[PDB]
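In the form solved without its partner chain, a lone chain appears below as structure tokens.
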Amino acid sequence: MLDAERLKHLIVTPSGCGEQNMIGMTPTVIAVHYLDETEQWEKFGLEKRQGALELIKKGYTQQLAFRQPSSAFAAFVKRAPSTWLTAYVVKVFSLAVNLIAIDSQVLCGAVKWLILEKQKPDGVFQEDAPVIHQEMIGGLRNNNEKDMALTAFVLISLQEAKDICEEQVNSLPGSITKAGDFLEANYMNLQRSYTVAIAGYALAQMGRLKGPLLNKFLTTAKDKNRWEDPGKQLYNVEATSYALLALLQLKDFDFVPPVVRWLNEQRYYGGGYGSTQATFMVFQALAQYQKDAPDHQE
């Protein structure tokens, strides 16, 4: 468990425009999420949650300034909308629904736009206006397997929004199936551990990670405890976090304890430059472990 005494820096006041505001909202949202699930507010300071929640609501409200009439998001309203940023807003707001009031028309409008404007006939999600802060997208910044990585990223956002939006967005179940088809068709050709992990989570959420795909997912780990590529450590933390979430979806609780151990032994507590995806994902994944299998420990 990441001790609350080491997480004070994650309580951040969001500011800036469409991208930077989300860079600021990210650590506060996910710190509250993780401190909640690990029952660490007595140590952190019980009275401090109210203020954190006010900062999350400020982040949410400020983000609406960058909601374009299409319901998509960009750094500023005169900039063409970003597929990735819109999917990231969906990912954050969906997780934050039990913390603050999230307008379902914002969330589901963003989902519908992604599907109707940015999914292609083969199921891929396409980015036409990349975020300026490329450091906020984690391992997706790498040029290789970008189609697969982004399609998995967006698909994960649709899945995390499905319960809220499935009655409001006609196109949602078919979009999920199409994206799933694309990932499944190309999974065995993947070479990056990062893509194996993020696409693995997306497929496992649909019950479509099995057979030789599931074997590729599991055997891609090094020392059965991490998904790693030659490159930035932060990308490996992010990848292993997506893999932990896929293991939990799979209920592979035997495999989980070494992965959790490796994540704790990285002594990574979020925050800093280029930390957005690693921070969201490591605390999302460890919170989900605490919720689902804290009894499985090394």
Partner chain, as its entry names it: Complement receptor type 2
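Residue numbers count along the first chain shown, from 1.
The same protein has a further form, the form deposited with its partner chain bound, not shown here; the description that follows concerns it.
Participant: Would residue 267 count as touching its partner chain in the deposited complex under a 4.5 Å heavy atom rule?
Facilitator: Residue-level check for residue 267: no, no contact with its partner chain.
Participant: Indicate whether its partner chain has at least one heavy atom within 4.5 Å of a heavy atom of residue 205 in the deposited complex.
Facilitator: It does: once its partner chain is placed as it appears in the deposited complex, residue 205 has a heavy atom within 4.5 Å of it.
Participant: With a cut-off of 4.5 Å between heavy atoms, is residue 232 one of the residues that contacts its partner chain in the deposited complex?
Facilitator: Close contact is absent here: in the deposited complex, residue 232 is far from its partner chain, nothing within 4.5 Å, heavy atoms only.
Participant: With the cut-off set at 4.5 Å between non-hydrogen atoms, does residue 99 touch its partner chain in the deposited complex?
Facilitator: Residue-level check for residue 99: yes, a contact with its partner chain.
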